[PDB]
Amino acid sequence: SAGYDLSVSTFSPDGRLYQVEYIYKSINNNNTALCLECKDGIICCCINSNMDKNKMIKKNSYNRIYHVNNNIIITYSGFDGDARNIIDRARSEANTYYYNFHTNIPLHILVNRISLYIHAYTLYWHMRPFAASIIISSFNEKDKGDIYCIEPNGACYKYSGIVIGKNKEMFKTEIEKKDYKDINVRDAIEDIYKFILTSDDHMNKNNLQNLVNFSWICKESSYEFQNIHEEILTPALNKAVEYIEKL
Amino acid sequence: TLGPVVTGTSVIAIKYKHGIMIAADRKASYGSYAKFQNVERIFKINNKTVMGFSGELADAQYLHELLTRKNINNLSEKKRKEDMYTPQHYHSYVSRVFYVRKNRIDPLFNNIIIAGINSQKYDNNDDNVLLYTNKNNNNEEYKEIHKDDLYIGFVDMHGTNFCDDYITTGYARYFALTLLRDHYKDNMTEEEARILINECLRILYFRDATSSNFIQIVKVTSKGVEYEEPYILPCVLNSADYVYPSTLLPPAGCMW
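Structure determination for the deposited model, as stated in its record, used cryo-EM, and the stated resolution is 2.58 Å.

Here it is as structure tokens:
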């Protein structure tokens, strides 16, 4: 503020980066993206409630969950173009790592490289910083699950469950009521549907099935990226709607 | 690469009623020295495509890594099974690579076979792709795939490329190719295809110094890409005049 918030390469007299703070506001105003580590896998869900008034969009065509090596989930909250750019860079880093060493890039190395890539755009007076928060997650039998969230300022932190975007406070409060380290992903789907219905006021039983993206990496999917099939999602949606209608 | 140092010998690929059968011996030679006897010369690009090579192992490995990363990018961008690249697409990619390297006069010392199934209507293997776990290794019948839905393509050092019902590289282009141009027929069963390939490999083992009888067979079918258990081909001589002792021949003249 006071002329100190017009550039990302100037600190304010109190050592703050107002451009990055404004990016944080933009991300918080965007669609919801959560990742949850369960007993047998990780579930990634994206609630695109901002498109509740776009009735001519092809059903389920808009997806915010991607994979890197078929075993690393990556989702985002923010600008679609910026997130796509960052995901392309993540895929590029994975490709280079495999070319160099003939193995898949470790998740923490990829997270660090993506954090550096994002942080590089907050340093110069002629580039626009990325307005996106990234979630990068993986799961396997030995190591269980690893979830990292990268903020627009280049800070990566590890979690067992993370929510970014709108209503993230309510989503976190509802998620923290139970320990999912001892719950299976199939049982967690119903809980996530209930959380969405209670938290997001723009979401109802009618639009739950076309404004929500659901992917996972679990034992059922052979610890590889999968989109949760409608045959598995529909019963959970029905049960959640039934329960919330009961109360 | 100025020339070949460690090399692999011929590969043979053919079409049969259920898909593609491709065979190569598991030997790489460092000149006349058979240094490596358990080498893999057939690689899986995706669930419907394989690549075989004859020539320099280093250049073959370079190309294999290129194709592996191309497949990974394809899988990253895939939304439906129709989005997966086809053997024709990979054949075009390899042909373009070879052509550009010819123009630069920096060639890959290799002859390449790109084989597979040019269709998505015979299975749902690409609905959920697994890269690090092979569920194949729970048995349903194979699907009779139309010959026009299968693809075998050849690329050489100068970028010359084409496709056919059967492709051979290396020394196979003489022995196996003669036998195939004589005896190959459409819609062969698996056992008939294996018998024909085994005859070709036996002739190659007898008449080619850089070959072995330790054979790798790979099948591209509706079940996906299957590697068979490598086996030793039985190869016995076809004449007793070979075994006849030399001391029983007349001691005068040039009887050797």
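Let us keep going from here.
When helices and strands are counted, chain A shows 6 helices and 10 strands. Radius of gyration (C-alpha) of chain A: 19 Å, near the 18 Å computed for a compact globule of 247 residues. Residues classed as buried in chain A amount to 52% of the 247 residues present. In chain A, the proportion of contacts linking residues at least 24 apart, taken out of those at least 6 apart, comes to 63%. In chain A, 28 positive and 30 negative side-chain charges are present, and the distance between their average locations comes to 2 Å.

Quick look at the interface of chain A and chain B now. Each partner contributes residues to the interface: chain A has 15 residues there, and chain B has 15 residues. Taking both sides of the interface into account, the surface hidden between chain A and chain B amounts to around 1,400 Å²; carbon and sulfur atoms contribute 44%. There are 0 salt bridges connecting chain A and chain B. Joining chain A to chain B, the criterion identifies 12 residue pairs in polar contact. Of the residues contributing to the side of chain A that touches chain B, the split by class is 4 nonpolar, 9 polar and 2 charged.

Residues and elements named next belong to chain A. Turning to its location among the elements, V163 is positioned in strand β8 (residues 161–164). Relative accessible area serves as the criterion here: at 2%, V163 is assigned to the buried category. For the pair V163 and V68, spaced 95 residues apart in sequence, the C-alpha separation works out to 20 Å. Leave out the neighbours within four places in its chain, and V163 touches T32, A33, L34, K168, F171, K172 and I175.

Moving on, we come to the packing of aromatic side chains. Residue and element names in this part refer to chain A. Applying the stated criterion to the full structure yields 13 aromatic pairs over all chains. The interplanar angle of 50 degrees and the centroid separation of 4.5 Å between the aromatic rings of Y121 and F130 together place this pair among those described as tilted. Aromatic rings pair up to connect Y117, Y121 and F130 into one cluster. Above the plane of the ring of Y243 lies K194, whose end atom (NZ or CZ) is 4.8 Å from the centre.

So, on to the UniProt feature "domain: Proteasome alpha-type subunits" (unreviewed entry) in chain A. According to UniProt, the feature "domain: Proteasome alpha-type subunits" (unreviewed entry) maps to residues 4–26 of chain A in the numbering used here. Between the first and last C-alpha atoms of residues 4–26 of chain A the distance is 19 Å; the span itself is 39% helix and 0% strand.

Residue and element names in this part refer to chain A. Counting buried positions along strand β9 (residues 212–218) gives 7 out of 7 residues, so the element sits mostly inside the fold. Here strand β2 (residues 41–47) runs beside β9; their pairing, made up of 7 bridges, is antiparallel. Along β9, the bridge assignment pairs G41 with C218.

This brings us to the sheet that holds strand β10 (residues 226–227) of chain A. Residue and element names in this part refer to chain A. Within the open sheet, the 5 strands sit side by side as β8-β1-β2-β9-β10. Their pairing is antiparallel. For this open sheet the edge positions go to β8 and β10, each flanked by a neighbour on one side alone. Where helix α4 (residues 168–175) meets the sheet, its contacts fall on β1 (32–37), β2 and β8, and the angle it forms with β8 comes to roughly 160 degrees.

A word on the sheet that holds strand β6 (residues 144–150) of chain A. Residues and elements named next belong to chain A. One open sheet holds the 5 strands; their spatial order is β3-β4-β5-β6-β7, and the pairing between them is antiparallel. On the outer flanks of this sheet lie β3 (65–67) and β7 (156–159), each paired with one strand and no other. Along the sheet, successive strands turn relative to each other by an average axial angle of 25 degrees, direction set aside. When strand β5 (residues 132–140) meets β6, the two strands line up antiparallel, connected through 7 bridges. Its bridge partner lying in β6, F139 is registered against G145. Sheet contacts for helix α2 (residues 80–101): β3, β4 (73–78) and β5; angle to β4, the most-contacted strand, approximately 155 degrees.

Right, let's talk about the packing of α2(A) against helix α3 (residues 107–119) of chain A for a bit. Residue and element names in this part refer to chain A. Interaxial distance between α2 and α3 falls to 10 Å at its minimum, and their mutual angle equals 135 degrees. By the criterion of interaxial angle, the relationship of α2 to α3 is oblique. The two elements α2 and α3 cross, and the hand of that crossing is right-handed. In contact with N85, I86, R89, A90, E93, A94 and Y97 of α2, α3 contributes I109, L110, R113, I114, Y117 and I118. Here the contact of α2 with α3 is built from residues that sort into 9 nonpolar, 1 polar and 3 charged.

What follows is about the nonpolar core. All names here are of chain A. Ranked by internal contacts, the top residues of the largest apolar core, which has 33 residues, are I43, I189, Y193, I196, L208 and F214. Of all the elements in the fold, those that place two or more residues in this core are β1, β2, α4, α5 (185–199), β9 and α6 (230–246). With 8 residues, the single largest contributor to this core is α5. Filtering out sequence-adjacent residues up to four positions away, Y193 remains in contact with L208, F214, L233, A236, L237 and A240.

Conventions and cut-offs
- For every chain, the first residue of the written sequence is numbered 1, i.e. counting runs from 1 onward, and this need not coincide with the entry's numbering; residues without coordinates are not included.
- Going through the entries in the order they are written, you letter the chains from A and number the ligands from 1.
- Within a larger assembly, only the chains shown are considered here, and all values are given for them alone.
- Heavy atoms throughout the structure, all of them, feed into the side-chain values; hydrogens and water do not.
- Each helix is a run of DSSP H or I of at least 4 residues and each strand a run of E of at least 2, with the numbering of both proceeding from the N terminus.
- Radius of gyration means the value over C-alpha atoms here, while the globule rule gives 2.2 Å times the residue count to the 0.38 power.
- The buried label goes to any residue with under 20% of its type's maximum accessible area, the exposed label to any with over 50%, and the partly exposed label to all in between, with areas taken from a 1.4 Å probe on protein chains only.
- Every residue pair with non-hydrogen atoms within 4.5 Å of one another is taken to be in contact.
- Positive charges come from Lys and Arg alone, negative charges from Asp and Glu alone, with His and the N- and C-terminal ends not counted.
- All charge positions are set by atom: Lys at NZ, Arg at CZ, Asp at CG, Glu at CD.
- Here the buried area means the combined drop in accessible surface, using a 1.4 Å probe, for two parts upon being joined, counting both sides.
- Whenever a carboxyl oxygen of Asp or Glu lies within 4 Å of a side-chain nitrogen of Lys or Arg, that contact is scored as a salt bridge.
- Two N or O atoms form a polar contact when they lie within 3.5 Å of each other; inside protein one atom must be a possible hydrogen donor and the other a possible acceptor, and for residues adjacent in sequence the pair counts only when both atoms belong to side chains.
- Under the scheme applied, nonpolar residues are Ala, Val, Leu, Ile, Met, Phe, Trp, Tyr, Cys and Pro; charged residues are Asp, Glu, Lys and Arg; polar residues are all the others, including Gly.
- Aromatic rings from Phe, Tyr and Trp, taking only the six-membered ring of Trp, are treated as a pair when their centres fall within 6.5 Å; an angle between ring planes under 30 degrees marks them as stacked, one over 60 as edge-to-face, and anything in between as tilted.
- Over a ring means this: the NZ of a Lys or the CZ of an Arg is within 6 Å of the ring centre and within 35 degrees of the ring normal.
- UniProt positions are given in the numbering used here, feature names are shortened, and annotations may be inferred rather than shown by experiment.
- Two strands pair if DSSP finds at least two bridges between them.
- Fitting a line to C-alpha atoms yields each axis, with helices limited to the stretch in contact; the angle taken between N-to-C directions then spans 0 to 180 degrees.
- Angle categories are assigned with fixed cut-offs, so that under 35 degrees is roughly parallel, over 145 is roughly antiparallel, 65 to 115 is roughly perpendicular, and the rest are oblique.
- Less than a right angle of anticlockwise turn of the near helix away from the far helix marks a crossing as left-handed, whereas a clockwise turn marks it as right-handed.
- Residues belong to one nonpolar core when they are buried, are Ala, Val, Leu, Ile, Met, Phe, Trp, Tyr or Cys, and are joined through side-chain atoms within 4.5 Å.

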